[PDB]
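Let's start with one chain on its own, the form deposited in one PDB entry, as structure tokens.
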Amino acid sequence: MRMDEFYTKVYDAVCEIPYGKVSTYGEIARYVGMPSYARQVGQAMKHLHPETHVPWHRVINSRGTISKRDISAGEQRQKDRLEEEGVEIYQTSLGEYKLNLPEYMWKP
């Protein structure tokens, strides 16, 4: 599997998340058959044009939260996009935007 391949598969996968459902770096990395690739699942998302028509927002972390970004908190997008999707999120005690994984969670 070339990376250019990984990347698309992932994309396809991530594109199979329904409105208002989410999934998780890890899972999608499993789903496409690369269980050790959660990081790289992220790298894929990070690597997308803002114009993209791909539900990049529907992919948080297995700890049930939205991942912090050393590409600065512009990810606040994620929260919002999710809020529009219809997703109850709350702040913790470092805001760590958080949602009920079991509730909102994709399961083919």
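The term rigid core refers to the maximal set of C-alpha atoms that superpose within 1.5 Å between the two forms. From 1 onward, residues are counted along the sequence shown.
Engineer: Regarding 63 to 71 and 32 to 40, which shows the higher C-alpha temperature factor on average in the entry?
Structural biologist: Stretch with the higher mean C-alpha B-factor: 63 to 71.
Engineer: Is the mean CA B factor in the deposited entry higher across 90 to 98 or across 9 to 17?
Structural biologist: The deposited B-factors put 90 to 98 ahead on the C-alpha mean.
Not on display, but discussed next: the form deposited in another entry.
Engineer: 2 Å or more on the CA of residue 72 between this form and the one not shown, with the rigid core superposed, yes or no?
Structural biologist: Yes, residue 72 moves 2 Å or more.
Engineer: Closer or farther: how do the Cα atoms of residue 70 and residue 15 compare in the other form relative to this form, given a change of at least 3 Å?
Structural biologist: More distant in the other form, by 3 Å or more.
Engineer: Given that the CA-CA distance for residue 87 and residue 71 shifts by 3 Å or more in the other form, does it become closer or farther?
Structural biologist: Compared with this form, residue 87 and residue 71 lie closer in the other form.
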